[PDB]
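Data block for my_file39.pdb (PDB, C-alpha atoms):
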```
ATOM      1  CA  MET O   1      17.370 -25.970  16.753  1.00  0.00           C
ATOM      2  CA  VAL O   2      19.937 -23.214  17.314  1.00  0.00           C
ATOM      3  CA  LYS O   3      17.114 -20.736  17.855  1.00  0.00           C
ATOM      4  CA  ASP O   4      15.320 -22.896  20.417  1.00  0.00           C
ATOM      5  CA  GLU O   5      17.181 -23.695  23.625  1.00  0.00           C
ATOM      6  CA  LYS O   6      19.372 -20.608  23.520  1.00  0.00           C
ATOM      7  CA  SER O   7      18.644 -16.986  22.598  1.00  0.00           C
ATOM      8  CA  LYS O   8      15.480 -17.148  24.724  1.00  0.00           C
ATOM      9  CA  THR O   9      16.836 -14.010  26.332  1.00  0.00           C
ATOM     10  CA  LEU O  10      15.098 -11.730  23.888  1.00  0.00           C
ATOM     11  CA  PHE O  11      13.824  -8.163  23.808  1.00  0.00           C
ATOM     12  CA  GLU O  12      10.697  -7.162  21.921  1.00  0.00           C
ATOM     13  CA  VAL O  13      10.342  -3.819  20.173  1.00  0.00           C
ATOM     14  CA  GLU O  14       7.120  -2.338  18.839  1.00  0.00           C
ATOM     15  CA  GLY O  15       7.760  -0.300  15.713  1.00  0.00           C
ATOM     16  CA  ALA O  16       6.994  -0.053  12.005  1.00  0.00           C
ATOM     17  CA  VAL O  17       8.836  -0.942   8.794  1.00  0.00           C
ATOM     18  CA  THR O  18      10.212   1.998   6.802  1.00  0.00           C
ATOM     19  CA  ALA O  19      11.474   0.229   3.658  1.00  0.00           C
ATOM     20  CA  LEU O  20      12.349  -3.201   2.284  1.00  0.00           C
ATOM     21  CA  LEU O  21      15.414  -4.384   0.397  1.00  0.00           C
ATOM     22  CA  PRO O  22      15.851  -6.984  -2.416  1.00  0.00           C
ATOM     23  CA  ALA O  23      17.598  -9.122   0.200  1.00  0.00           C
ATOM     24  CA  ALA O  24      14.225  -9.988   1.757  1.00  0.00           C
ATOM     25  CA  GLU O  25      15.249  -7.431   4.340  1.00  0.00           C
ATOM     26  CA  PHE O  26      12.817  -5.285   6.274  1.00  0.00           C
ATOM     27  CA  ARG O  27      14.273  -2.254   7.995  1.00  0.00           C
ATOM     28  CA  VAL O  28      11.998  -0.682  10.570  1.00  0.00           C
ATOM     29  CA  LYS O  29      12.043   2.692  12.288  1.00  0.00           C
ATOM     30  CA  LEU O  30      11.581   3.093  16.023  1.00  0.00           C
ATOM     31  CA  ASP O  31       9.478   6.062  17.188  1.00  0.00           C
ATOM     32  CA  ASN O  32      12.702   7.228  18.848  1.00  0.00           C
ATOM     33  CA  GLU O  33      14.080   7.862  15.341  1.00  0.00           C
ATOM     34  CA  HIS O  34      16.129   4.671  15.103  1.00  0.00           C
ATOM     35  CA  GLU O  35      16.262   2.457  12.022  1.00  0.00           C
ATOM     36  CA  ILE O  36      17.096  -1.192  12.673  1.00  0.00           C
ATOM     37  CA  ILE O  37      17.449  -4.253  10.449  1.00  0.00           C
ATOM     38  CA  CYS O  38      14.967  -7.126  10.536  1.00  0.00           C
ATOM     39  CA  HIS O  39      14.676 -10.459   8.743  1.00  0.00           C
ATOM     40  CA  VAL O  40      12.418 -13.499   8.843  1.00  0.00           C
ATOM     41  CA  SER O  41      13.737 -16.036  11.346  1.00  0.00           C
ATOM     42  CA  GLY O  42      10.865 -17.545  13.287  1.00  0.00           C
ATOM     43  CA  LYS O  43       7.399 -19.088  13.170  1.00  0.00           C
ATOM     44  CA  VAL O  44       6.843 -16.709  10.223  1.00  0.00           C
ATOM     45  CA  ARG O  45       8.128 -19.535   8.003  1.00  0.00           C
ATOM     46  CA  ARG O  46       5.617 -22.080   9.332  1.00  0.00           C
ATOM     47  CA  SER O  47       2.636 -19.782   9.820  1.00  0.00           C
ATOM     48  CA  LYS O  48       3.498 -17.866   6.630  1.00  0.00           C
ATOM     49  CA  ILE O  49       2.962 -14.223   7.541  1.00  0.00           C
ATOM     50  CA  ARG O  50       2.627 -11.326   5.095  1.00  0.00           C
ATOM     51  CA  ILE O  51       4.799  -8.320   5.940  1.00  0.00           C
ATOM     52  CA  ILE O  52       3.535  -5.067   4.427  1.00  0.00           C
ATOM     53  CA  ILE O  53       4.817  -1.496   4.635  1.00  0.00           C
ATOM     54  CA  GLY O  54       2.580   0.904   6.512  1.00  0.00           C
ATOM     55  CA  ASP O  55       1.660  -1.597   9.185  1.00  0.00           C
ATOM     56  CA  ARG O  56       3.200  -1.886  12.640  1.00  0.00           C
ATOM     57  CA  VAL O  57       5.698  -4.642  13.370  1.00  0.00           C
ATOM     58  CA  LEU O  58       6.934  -6.618  16.346  1.00  0.00           C
ATOM     59  CA  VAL O  59      10.711  -6.853  16.437  1.00  0.00           C
ATOM     60  CA  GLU O  60      11.924  -9.816  18.446  1.00  0.00           C
ATOM     61  CA  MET O  61      15.695  -9.675  18.875  1.00  0.00           C
ATOM     62  CA  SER O  62      18.402 -10.339  21.434  1.00  0.00           C
ATOM     63  CA  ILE O  63      20.601  -7.485  22.668  1.00  0.00           C
ATOM     64  CA  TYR O  64      23.784  -9.597  22.842  1.00  0.00           C
ATOM     65  CA  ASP O  65      25.238 -10.288  19.369  1.00  0.00           C
ATOM     66  CA  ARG O  66      23.474 -12.979  17.321  1.00  0.00           C
ATOM     67  CA  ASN O  67      20.173 -11.114  16.969  1.00  0.00           C
ATOM     68  CA  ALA O  68      21.752  -7.732  17.729  1.00  0.00           C
ATOM     69  CA  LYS O  69      22.178  -6.354  14.202  1.00  0.00           C
ATOM     70  CA  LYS O  70      18.896  -7.760  12.946  1.00  0.00           C
ATOM     71  CA  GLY O  71      15.667  -8.805  14.581  1.00  0.00           C
ATOM     72  CA  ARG O  72      12.848 -11.215  13.891  1.00  0.00           C
ATOM     73  CA  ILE O  73      10.072  -9.416  12.061  1.00  0.00           C
ATOM     74  CA  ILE O  74       6.659 -11.036  11.805  1.00  0.00           C
ATOM     75  CA  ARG O  75       3.907  -8.378  11.958  1.00  0.00           C
ATOM     76  CA  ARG O  76       1.875  -6.239  14.348  1.00  0.00           C
ATOM     77  CA  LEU O  77       0.306  -8.529  16.935  1.00  0.00           C
ATOM     78  CA  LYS O  78      -3.154  -7.977  18.385  1.00  0.00           C
ATOM     79  CA  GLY O  79      -2.881  -4.795  20.402  1.00  0.00           C
ATOM     80  CA  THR O  80      -4.813  -6.118  23.410  1.00  0.00           C
ATOM     81  CA  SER O  81      -8.061  -4.603  22.138  1.00  0.00           C
ATOM     82  CA  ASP O  82     -10.071  -7.140  24.143  1.00  0.00           C
ATOM     83  CA  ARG O  83     -10.292  -4.752  27.097  1.00  0.00           C
ATOM     84  CA  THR O  84     -13.628  -3.229  26.098  1.00  0.00           C
ATOM     85  CA  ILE O  85     -14.207  -1.206  22.866  1.00  0.00           C
ATOM     86  CA  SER O  86     -17.889  -1.956  23.556  1.00  0.00           C
ATOM     87  CA  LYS O  87     -17.856  -5.689  24.267  1.00  0.00           C
TER      88      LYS O  87
END
```
Give the structure from the file, written as structure tokens.
Amino acid sequence: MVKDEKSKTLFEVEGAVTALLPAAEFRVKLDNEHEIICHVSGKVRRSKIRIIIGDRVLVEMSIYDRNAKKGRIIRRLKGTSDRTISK
């Protein structure tokens, strides 16, 4: 509803979670040595995705304000491995 028509202006970061908090919070570290906050706020609720430490994550957040402090963490998407790898 609120995250539907607006906040489409969104930036996507590829990183990995560093630690989780008892607030269902997943804080990830960018390869540029930057730790950012992430929470579940997307299709993750409907699709039911399992976030685990040690795996890569896709951080979908907006640079403005609403999704500025925290991003939408789901999991590492398919890394376009359909190119060849012996097809």
Fewer than 5 positions away in the same chain doesn't count, so skip those; otherwise give me all residues within 12 Å of residue 68 of chain O, counting all atoms listed in the file, as number ranges by chain. O: 7, 9-12, 36-39, 59-63
Place a sphere of radius 12 Å on (10.0, 2.4, 10.8) in the file coordinates and name every protein, DNA or RNA residue with an atom inside or on its surface, counting all atoms listed in the file; give the answer as JSON, numbers by chain. {"O": [13, 14, 15, 16, 17, 18, 19, 20, 26, 27, 28, 29, 30, 31, 32, 33, 34, 35, 36, 37, 38, 52, 53, 54, 55, 56, 57, 58, 59, 73]}
Given all atoms listed in the file as the basis, pick out the residue of O:6, O:49, O:64, O:24 nearest to residue 76 of chain O.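 The shortest atom-to-atom distance to residue 76 of chain O comes from O:49.
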Just need the box for segment 37-44 of chain O, edges along x, y and z, holding every atom the file lists for it with 4 Å tacked onto each side, so centre and edge lengths in Å to one decimal, as AutoDock Vina command-line options.
```
--center_x 12.1 --center_y -11.7 --center_z 11.0 --size_x 18.6 --size_y 22.8 --size_z 12.5
```
Atom pair atom CA of residue 1 of chain O + atom CA of residue 79 of chain O, distance 29.5 Å
